[PDB]
Amino acid sequence: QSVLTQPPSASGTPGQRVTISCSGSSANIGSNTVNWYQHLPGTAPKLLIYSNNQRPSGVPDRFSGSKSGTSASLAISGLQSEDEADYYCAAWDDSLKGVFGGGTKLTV
Amino acid sequence: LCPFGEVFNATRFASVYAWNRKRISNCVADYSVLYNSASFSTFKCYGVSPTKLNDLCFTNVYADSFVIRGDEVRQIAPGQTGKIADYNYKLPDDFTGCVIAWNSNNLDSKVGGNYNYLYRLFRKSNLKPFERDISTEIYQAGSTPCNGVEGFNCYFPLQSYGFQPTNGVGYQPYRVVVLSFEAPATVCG
Amino acid sequence: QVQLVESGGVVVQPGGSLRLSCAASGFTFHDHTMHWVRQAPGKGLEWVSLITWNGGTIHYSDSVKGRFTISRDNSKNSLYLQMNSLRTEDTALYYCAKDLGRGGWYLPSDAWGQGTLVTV
Ligand SMILES: *[C@@H]1O[C@H](CO[C@@H]2O[C@@H](C)[C@@H](O)[C@@H](O)[C@@H]2O)[C@@H](O[C@@H]2O[C@H](CO)[C@@H](O)[C@H](O)[C@H]2NC(C)=O)[C@H](O)[C@H]1NC(C)=O
(Lines of atoms letter the chains of each structure in order from A and count residues from 1; the text may use other names and numbers.)
(Lines give C-alpha, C1' and ligand atoms only; values in the text may rest on other atoms or scores of the structure.)
Protein backbone atom coordinates (compact mmCIF):
# COMPACT_ATOMS: atom_id res chain seq x y z
CA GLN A 1 0.00 0.00 0.00
CA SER A 2 2.84 2.50 -0.98
CA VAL A 3 4.04 4.26 -4.22
CA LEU A 4 7.84 3.88 -4.09
CA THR A 5 8.93 0.26 -3.91
CA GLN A 6 11.66 -0.99 -1.63
CA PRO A 7 12.54 -4.49 -0.42
CA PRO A 8 11.33 -5.16 3.15
CA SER A 9 14.84 -6.04 4.24
CA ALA A 10 18.55 -6.20 3.40
CA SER A 11 21.58 -7.68 5.13
CA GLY A 12 25.35 -8.16 5.10
CA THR A 13 28.56 -8.90 6.99
CA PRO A 14 30.68 -5.99 8.38
CA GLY A 15 33.27 -4.92 5.84
CA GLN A 16 30.94 -5.73 2.93
CA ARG A 17 29.04 -3.30 0.74
CA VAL A 18 25.28 -3.66 0.40
CA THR A 19 22.69 -1.83 -1.66
CA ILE A 20 19.10 -0.81 -1.09
CA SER A 21 17.03 -0.46 -4.20
CA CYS A 22 14.04 1.87 -4.72
CA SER A 23 11.74 1.97 -7.69
CA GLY A 24 8.88 4.13 -8.84
CA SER A 25 7.00 5.54 -11.80
CA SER A 26 7.95 8.12 -14.39
CA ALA A 27 6.42 10.93 -12.21
CA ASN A 28 8.22 9.94 -9.05
CA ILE A 29 11.81 9.27 -9.79
CA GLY A 30 11.97 9.54 -13.53
CA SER A 31 11.42 13.32 -13.41
CA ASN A 32 12.34 14.62 -9.90
CA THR A 33 15.04 14.18 -7.29
CA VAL A 34 15.54 11.49 -4.71
CA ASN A 35 16.22 11.85 -1.04
CA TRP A 36 17.19 9.12 1.38
CA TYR A 37 16.73 9.08 5.12
CA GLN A 38 18.09 6.95 7.88
CA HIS A 39 15.82 6.16 10.80
CA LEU A 40 17.18 4.51 13.93
CA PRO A 41 14.27 3.24 16.11
CA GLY A 42 13.87 5.33 19.26
CA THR A 43 14.91 8.67 17.76
CA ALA A 44 14.11 11.05 14.88
CA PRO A 45 14.93 10.30 11.19
CA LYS A 46 17.90 12.09 9.61
CA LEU A 47 18.70 13.00 6.02
CA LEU A 48 21.40 10.89 4.44
CA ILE A 49 21.33 11.70 0.76
CA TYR A 50 19.63 14.49 -1.10
CA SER A 51 19.25 15.48 -4.74
CA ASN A 52 20.19 11.99 -5.93
CA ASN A 53 23.87 11.93 -4.87
CA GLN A 54 24.65 14.88 -2.56
CA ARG A 55 25.37 14.75 1.17
CA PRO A 56 24.59 17.08 4.12
CA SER A 57 27.23 17.86 6.71
CA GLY A 58 27.80 14.99 9.19
CA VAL A 59 27.21 12.20 6.64
CA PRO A 60 30.41 10.19 5.80
CA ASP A 61 31.48 9.02 2.34
CA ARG A 62 30.49 5.48 3.29
CA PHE A 63 27.06 6.54 2.08
CA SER A 64 26.53 7.18 -1.63
CA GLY A 65 23.67 6.91 -4.08
CA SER A 66 22.70 7.34 -7.69
CA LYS A 67 19.81 7.68 -10.09
CA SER A 68 19.39 5.85 -13.39
CA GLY A 69 16.34 6.54 -15.53
CA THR A 70 13.43 5.72 -13.21
CA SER A 71 15.24 3.74 -10.53
CA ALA A 72 17.45 4.65 -7.59
CA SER A 73 19.70 2.99 -5.07
CA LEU A 74 21.64 3.64 -1.88
CA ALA A 75 25.05 2.04 -1.49
CA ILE A 76 26.35 1.47 2.02
CA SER A 77 30.05 0.56 2.36
CA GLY A 78 32.13 -0.49 5.37
CA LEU A 79 29.05 -1.68 7.23
CA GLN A 80 29.34 -1.03 10.98
CA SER A 81 27.07 -2.48 13.67
CA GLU A 82 25.87 1.07 14.37
CA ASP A 83 24.02 1.29 11.03
CA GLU A 84 21.38 -1.33 11.80
CA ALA A 85 18.44 0.92 10.96
CA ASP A 86 15.48 1.49 8.63
CA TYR A 87 16.27 3.34 5.42
CA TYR A 88 13.73 5.33 3.41
CA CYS A 89 13.47 6.58 -0.20
CA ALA A 90 11.43 9.66 -1.13
CA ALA A 91 10.54 11.49 -4.38
CA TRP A 92 7.97 14.27 -4.97
CA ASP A 93 5.23 13.10 -7.36
CA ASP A 94 3.51 15.53 -9.73
CA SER A 95 -0.07 14.16 -9.57
CA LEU A 96 0.38 12.73 -6.10
CA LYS A 97 2.17 14.69 -3.38
CA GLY A 98 5.19 13.91 -1.20
CA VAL A 99 6.07 10.27 -1.41
CA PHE A 100 7.91 8.04 0.98
CA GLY A 101 8.71 4.41 0.21
CA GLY A 102 7.80 1.42 2.35
CA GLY A 103 11.24 1.38 4.01
CA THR A 104 14.02 -1.23 4.10
CA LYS A 105 15.23 -2.86 7.32
CA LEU A 106 19.00 -3.34 7.05
CA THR A 107 20.54 -5.85 9.43
CA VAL A 108 24.14 -6.92 10.20
CA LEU B 1 55.10 47.14 13.89
CA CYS B 2 52.65 45.05 11.90
CA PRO B 3 48.92 45.79 12.46
CA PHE B 4 48.07 42.33 13.87
CA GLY B 5 45.83 44.12 16.39
CA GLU B 6 43.64 45.21 13.45
CA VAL B 7 43.38 41.56 12.29
CA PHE B 8 43.00 39.63 15.58
CA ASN B 9 41.33 42.23 17.86
CA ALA B 10 38.90 43.61 15.23
CA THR B 11 35.36 44.82 16.07
CA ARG B 12 33.65 42.60 13.47
CA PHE B 13 34.59 39.59 11.36
CA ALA B 14 33.30 38.74 7.89
CA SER B 15 31.04 35.84 7.07
CA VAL B 16 32.80 32.75 5.72
CA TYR B 17 31.04 32.95 2.39
CA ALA B 18 32.64 36.39 1.96
CA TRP B 19 35.92 36.40 3.85
CA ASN B 20 38.20 39.38 4.37
CA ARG B 21 41.76 39.56 3.05
CA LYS B 22 44.15 42.14 4.60
CA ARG B 23 47.74 42.37 3.26
CA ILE B 24 50.42 42.98 5.94
CA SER B 25 53.58 44.67 4.54
CA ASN B 26 56.37 47.21 5.18
CA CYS B 27 56.48 46.40 8.94
CA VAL B 28 57.90 44.33 11.78
CA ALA B 29 55.93 41.20 12.56
CA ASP B 30 56.30 39.73 16.04
CA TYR B 31 54.78 36.23 15.97
CA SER B 32 55.89 35.22 19.45
CA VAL B 33 53.34 37.63 20.96
CA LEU B 34 50.50 35.73 19.24
CA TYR B 35 51.76 32.20 19.84
CA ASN B 36 52.41 32.22 23.61
CA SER B 37 48.98 33.75 24.10
CA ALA B 38 46.63 31.38 25.99
CA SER B 39 43.66 33.08 24.39
CA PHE B 40 43.93 30.88 21.26
CA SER B 41 42.18 27.46 21.16
CA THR B 42 44.30 26.23 18.30
CA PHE B 43 47.48 27.15 16.43
CA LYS B 44 48.10 24.73 13.61
CA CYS B 45 50.93 25.91 11.40
CA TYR B 46 51.85 24.27 8.11
CA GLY B 47 55.10 24.33 6.20
CA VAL B 48 56.82 26.16 9.05
CA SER B 49 57.83 25.68 12.64
CA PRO B 50 55.51 28.08 14.60
CA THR B 51 58.41 28.89 16.90
CA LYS B 52 60.92 29.86 14.18
CA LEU B 53 58.69 32.48 12.51
CA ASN B 54 60.20 35.14 14.70
CA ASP B 55 63.51 34.63 12.87
CA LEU B 56 62.09 34.63 9.36
CA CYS B 57 61.15 37.42 6.94
CA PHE B 58 58.70 37.15 4.06
CA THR B 59 57.62 39.11 0.94
CA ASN B 60 53.82 39.39 1.53
CA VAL B 61 51.81 37.97 4.49
CA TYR B 62 48.05 37.89 3.67
CA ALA B 63 45.69 37.59 6.64
CA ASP B 64 42.28 36.16 5.97
CA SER B 65 39.41 36.35 8.45
CA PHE B 66 35.95 34.77 8.93
CA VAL B 67 33.50 33.29 11.50
CA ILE B 68 32.66 29.54 11.51
CA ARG B 69 31.32 26.88 13.90
CA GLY B 70 33.72 25.00 16.20
CA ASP B 71 33.02 21.66 14.47
CA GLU B 72 34.18 23.11 11.19
CA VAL B 73 37.49 24.50 12.36
CA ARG B 74 39.19 21.24 11.31
CA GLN B 75 38.20 22.01 7.70
CA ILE B 76 40.51 25.00 7.60
CA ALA B 77 43.55 22.98 6.60
CA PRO B 78 45.31 21.76 3.42
CA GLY B 79 44.10 18.44 2.05
CA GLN B 80 40.76 18.65 3.88
CA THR B 81 37.25 18.39 2.42
CA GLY B 82 33.80 19.38 3.70
CA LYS B 83 30.96 21.87 3.33
CA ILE B 84 33.20 24.82 4.14
CA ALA B 85 36.41 23.54 2.65
CA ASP B 86 34.75 22.78 -0.68
CA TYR B 87 32.37 25.71 -1.13
CA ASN B 88 33.40 28.59 1.13
CA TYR B 89 37.13 28.68 1.85
CA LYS B 90 39.74 26.36 0.40
CA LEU B 91 43.46 26.10 1.07
CA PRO B 92 45.92 24.57 -1.46
CA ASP B 93 47.72 21.29 -0.77
CA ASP B 94 51.04 23.14 -0.73
CA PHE B 95 49.74 25.79 1.67
CA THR B 96 52.32 27.50 3.86
CA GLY B 97 51.03 29.51 6.78
CA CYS B 98 49.31 29.43 10.18
CA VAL B 99 45.68 28.71 11.00
CA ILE B 100 44.76 30.48 14.20
CA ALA B 101 41.41 30.29 15.95
CA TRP B 102 39.70 31.06 19.23
CA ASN B 103 36.33 30.73 20.93
CA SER B 104 34.17 33.85 20.60
CA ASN B 105 30.96 32.74 22.34
CA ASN B 106 31.07 35.90 24.45
CA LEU B 107 31.23 38.06 21.29
CA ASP B 108 29.30 36.67 18.25
CA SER B 109 26.33 35.16 20.07
CA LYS B 110 23.28 36.63 21.73
CA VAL B 111 20.01 35.55 23.25
CA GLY B 112 17.58 34.30 20.63
CA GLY B 113 20.31 33.75 18.01
CA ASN B 114 22.97 35.71 16.05
CA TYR B 115 22.00 35.01 12.43
CA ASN B 116 24.14 37.78 10.86
CA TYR B 117 26.88 35.35 9.68
CA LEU B 118 26.27 33.34 6.54
CA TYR B 119 27.86 30.27 4.85
CA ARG B 120 27.30 28.89 1.36
CA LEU B 121 25.39 25.65 1.34
CA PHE B 122 24.84 25.23 -2.39
CA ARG B 123 27.40 25.59 -5.17
CA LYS B 124 27.58 23.95 -8.61
CA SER B 125 31.16 22.77 -8.11
CA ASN B 126 34.03 22.84 -5.64
CA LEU B 127 35.87 26.14 -5.65
CA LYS B 128 39.58 26.71 -6.26
CA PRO B 129 42.15 27.59 -3.54
CA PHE B 130 41.70 31.16 -2.24
CA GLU B 131 38.73 31.74 -4.51
CA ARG B 132 35.99 34.00 -3.20
CA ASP B 133 32.46 33.65 -4.53
CA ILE B 134 29.83 36.09 -3.36
CA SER B 135 27.16 35.51 -6.03
CA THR B 136 23.62 35.35 -4.61
CA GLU B 137 21.85 33.62 -7.53
CA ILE B 138 19.21 30.92 -6.86
CA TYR B 139 20.62 27.38 -6.96
CA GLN B 140 18.84 24.83 -9.14
CA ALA B 141 18.78 21.43 -7.46
CA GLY B 142 16.99 19.39 -10.13
CA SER B 143 16.28 19.27 -13.86
CA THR B 144 13.41 21.85 -13.51
CA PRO B 145 14.41 25.54 -14.36
CA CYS B 146 14.09 28.05 -11.45
CA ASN B 147 14.42 31.21 -13.59
CA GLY B 148 16.00 33.11 -10.67
CA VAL B 149 12.93 32.95 -8.34
CA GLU B 150 13.00 30.58 -5.30
CA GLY B 151 10.25 27.91 -5.42
CA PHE B 152 10.12 24.23 -6.40
CA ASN B 153 13.39 22.40 -5.88
CA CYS B 154 15.52 25.62 -6.10
CA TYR B 155 16.97 27.51 -3.08
CA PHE B 156 18.86 30.59 -2.00
CA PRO B 157 22.54 29.43 -1.71
CA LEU B 158 23.29 30.82 1.77
CA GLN B 159 22.29 29.82 5.33
CA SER B 160 22.53 31.19 8.85
CA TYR B 161 24.56 29.91 11.74
CA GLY B 162 22.12 30.01 14.63
CA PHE B 163 24.64 31.09 17.25
CA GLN B 164 23.26 31.17 20.85
CA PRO B 165 24.95 31.48 24.34
CA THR B 166 23.82 27.96 25.16
CA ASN B 167 25.13 26.07 22.10
CA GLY B 168 27.24 22.97 22.54
CA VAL B 169 30.93 23.60 22.00
CA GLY B 170 30.78 22.28 18.44
CA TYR B 171 28.07 24.83 17.66
CA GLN B 172 29.74 27.81 19.32
CA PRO B 173 31.24 30.55 17.09
CA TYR B 174 34.95 30.59 16.41
CA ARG B 175 36.95 33.41 14.92
CA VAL B 176 39.51 32.26 12.39
CA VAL B 177 42.58 34.08 11.12
CA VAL B 178 44.77 32.53 8.48
CA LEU B 179 48.24 33.94 7.95
CA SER B 180 49.51 32.86 4.54
CA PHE B 181 53.29 33.05 4.06
CA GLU B 182 55.16 33.44 0.76
CA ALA B 183 62.39 38.73 -4.42
CA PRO B 184 62.85 41.48 -1.70
CA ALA B 185 61.22 40.82 1.69
CA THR B 186 59.17 43.45 3.57
CA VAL B 187 57.86 41.68 6.67
CA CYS B 188 60.71 40.78 9.07
CA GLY B 189 60.75 39.66 12.70
CA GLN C 1 22.16 23.57 16.90
CA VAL C 2 18.64 23.24 15.44
CA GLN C 3 15.70 22.27 17.62
CA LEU C 4 12.06 21.53 16.95
CA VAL C 5 9.62 20.82 19.78
CA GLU C 6 6.18 19.29 19.22
CA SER C 7 3.21 19.30 21.62
CA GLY C 8 -0.51 18.44 21.64
CA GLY C 9 0.03 14.67 22.01
CA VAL C 10 -3.35 13.77 23.54
CA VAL C 11 -6.02 11.14 22.95
CA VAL C 12 -9.15 12.25 21.12
CA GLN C 13 -12.29 10.19 20.58
CA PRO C 14 -12.73 9.36 16.84
CA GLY C 15 -14.68 11.99 14.98
CA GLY C 16 -13.27 14.74 17.25
CA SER C 17 -10.56 17.37 16.58
CA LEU C 18 -6.98 18.22 17.75
CA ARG C 19 -4.35 21.00 17.24
CA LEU C 20 -0.58 20.42 17.35
CA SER C 21 2.11 23.06 17.73
CA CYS C 22 5.87 22.94 16.88
CA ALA C 23 8.15 25.49 18.45
CA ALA C 24 11.26 26.15 16.43
CA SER C 25 14.65 27.61 17.31
CA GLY C 26 18.31 27.62 16.27
CA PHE C 27 17.60 28.70 12.66
CA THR C 28 15.88 31.35 10.62
CA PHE C 29 12.18 30.61 10.74
CA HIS C 30 10.55 33.26 8.57
CA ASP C 31 12.56 32.36 5.50
CA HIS C 32 11.98 28.60 5.73
CA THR C 33 9.37 26.20 4.41
CA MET C 34 8.20 23.52 6.82
CA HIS C 35 6.44 20.17 6.76
CA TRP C 36 4.49 17.68 8.88
CA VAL C 37 5.27 14.02 8.67
CA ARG C 38 3.59 11.13 10.51
CA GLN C 39 4.55 7.59 11.40
CA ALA C 40 1.77 5.08 11.92
CA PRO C 41 2.74 2.47 14.57
CA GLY C 42 4.49 -0.54 13.06
CA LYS C 43 4.74 1.23 9.70
CA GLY C 44 6.95 3.66 7.77
CA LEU C 45 6.95 7.41 7.26
CA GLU C 46 4.15 9.33 5.62
CA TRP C 47 4.20 12.85 4.32
CA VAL C 48 1.33 15.13 5.45
CA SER C 49 1.79 18.80 4.50
CA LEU C 50 4.17 21.66 3.83
CA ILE C 51 3.64 25.36 4.25
CA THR C 52 5.99 27.76 2.46
CA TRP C 53 7.50 30.74 4.29
CA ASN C 54 5.17 33.36 2.82
CA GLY C 55 2.14 31.09 2.86
CA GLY C 56 2.34 31.29 -0.94
CA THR C 57 1.64 27.65 -1.61
CA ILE C 58 0.11 25.06 0.65
CA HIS C 59 -0.17 21.39 -0.20
CA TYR C 60 -1.78 18.41 1.47
CA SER C 61 -1.41 14.72 1.03
CA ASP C 62 -4.59 13.27 -0.45
CA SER C 63 -5.34 11.27 2.69
CA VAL C 64 -5.68 14.43 4.78
CA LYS C 65 -6.81 16.76 2.04
CA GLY C 66 -9.85 18.80 2.98
CA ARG C 67 -9.69 17.93 6.68
CA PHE C 68 -6.27 19.02 7.88
CA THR C 69 -5.15 22.63 7.96
CA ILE C 70 -1.57 23.86 8.30
CA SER C 71 -0.65 27.38 9.34
CA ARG C 72 2.30 29.33 10.72
CA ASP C 73 3.13 32.39 12.76
CA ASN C 74 6.51 33.82 11.90
CA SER C 75 6.47 36.26 14.80
CA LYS C 76 6.45 33.41 17.31
CA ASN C 77 8.70 30.99 15.42
CA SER C 78 5.95 28.38 15.55
CA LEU C 79 4.18 26.01 13.16
CA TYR C 80 0.60 24.83 13.72
CA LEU C 81 -1.52 21.87 12.52
CA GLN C 82 -5.31 21.86 12.89
CA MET C 83 -6.65 18.38 12.29
CA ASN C 84 -10.43 18.00 12.18
CA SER C 85 -12.70 15.03 11.42
CA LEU C 86 -10.31 12.53 12.94
CA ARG C 87 -10.23 8.88 11.82
CA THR C 88 -8.81 5.94 13.76
CA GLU C 89 -6.41 5.62 10.77
CA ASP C 90 -4.63 8.81 11.87
CA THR C 91 -3.00 7.21 14.91
CA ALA C 92 0.65 8.03 14.62
CA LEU C 93 3.78 9.70 15.85
CA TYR C 94 3.74 13.18 14.35
CA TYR C 95 6.99 14.92 13.47
CA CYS C 96 7.97 18.52 12.69
CA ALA C 97 10.58 19.02 9.97
CA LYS C 98 12.13 21.78 7.82
CA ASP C 99 13.47 22.11 4.25
CA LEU C 100 17.16 22.41 3.25
CA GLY C 101 17.56 26.00 2.11
CA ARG C 102 15.92 29.39 2.36
CA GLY C 103 13.02 30.40 0.11
CA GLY C 104 12.66 27.18 -1.89
CA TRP C 105 10.81 23.97 -1.06
CA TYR C 106 10.67 20.25 -1.77
CA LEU C 107 10.66 17.67 1.06
CA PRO C 108 11.48 17.18 4.82
CA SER C 109 15.24 17.58 5.09
CA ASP C 110 17.76 17.88 7.87
CA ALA C 111 16.25 18.93 11.19
CA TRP C 112 13.43 16.71 12.45
CA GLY C 113 11.75 17.04 15.81
CA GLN C 114 11.35 14.31 18.41
CA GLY C 115 7.66 14.32 17.58
CA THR C 116 4.63 13.51 19.69
CA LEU C 117 2.22 10.58 19.84
CA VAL C 118 -1.36 11.20 18.83
CA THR C 119 -3.90 8.51 19.74
CA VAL C 120 -7.42 8.65 18.25
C1 LIG D 1 44.19 41.88 21.76
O2 LIG D 1 43.42 42.59 22.72
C3 LIG D 1 43.74 42.35 24.08
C4 LIG D 1 42.80 43.19 24.94
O5 LIG D 1 42.86 44.55 24.51
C6 LIG D 1 43.58 45.29 25.51
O7 LIG D 1 42.79 45.64 26.64
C8 LIG D 1 41.75 46.57 26.34
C9 LIG D 1 40.98 46.88 27.61
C10 LIG D 1 42.34 47.84 25.74
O11 LIG D 1 43.17 48.47 26.73
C12 LIG D 1 43.17 47.52 24.51
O13 LIG D 1 43.79 48.71 24.02
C14 LIG D 1 44.24 46.51 24.88
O15 LIG D 1 44.94 46.11 23.71
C16 LIG D 1 45.20 42.69 24.36
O17 LIG D 1 45.44 42.43 25.76
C18 LIG D 1 46.47 41.46 25.99
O19 LIG D 1 45.98 40.32 26.69
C20 LIG D 1 46.99 39.35 26.95
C21 LIG D 1 46.34 38.17 27.66
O22 LIG D 1 45.62 38.65 28.80
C23 LIG D 1 48.10 39.95 27.80
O24 LIG D 1 49.12 38.98 28.03
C25 LIG D 1 48.69 41.16 27.08
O26 LIG D 1 49.69 41.78 27.89
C27 LIG D 1 47.56 42.13 26.80
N28 LIG D 1 48.06 43.30 26.10
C29 LIG D 1 47.46 44.47 26.24
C30 LIG D 1 46.90 44.76 27.61
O31 LIG D 1 47.37 45.27 25.33
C32 LIG D 1 46.10 41.93 23.40
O33 LIG D 1 47.45 42.38 23.53
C34 LIG D 1 45.66 42.20 21.98
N35 LIG D 1 46.47 41.42 21.06
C36 LIG D 1 46.80 41.88 19.85
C37 LIG D 1 47.16 40.83 18.84
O38 LIG D 1 46.82 43.07 19.58
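Chain B residue numbers are taken from Swiss-Prot; in order, the displayed residues are 335-516, 520-526.
For all residues, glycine too, the Cβ spot is worked out from N, Cα and C.
Between B:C525 and the candidates B:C391, B:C432, B:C480, Swiss-Prot annotates a single disulfide bond, the one to B:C391. Among the disulfide-bonded residues B:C336, B:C361, B:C379, B:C432, B:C488, B:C525, the ones whose Cβ sits under 8 Å from a Cβ of chain C are, in sequence order, B:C488. In the three-state DSSP scheme, B:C480 (disulfide bond) falls into the coil class.
At the Cα atoms, B:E516 lies 10 Å from B:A520, with 3 residues between the two left unmodelled. Less than 6 Å separates the Cβ from ligand 1 in the case of B:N343, drawn from the recorded positions B:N343, B:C361, B:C379, B:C391, B:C480, B:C488 in sequence order.
Listed in sequence order, the disulfide-bonded residues from B:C379, B:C432, B:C480, B:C488 having a Cα within 10 Å of the Cα of B:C361 (disulfide bond) amount to none.
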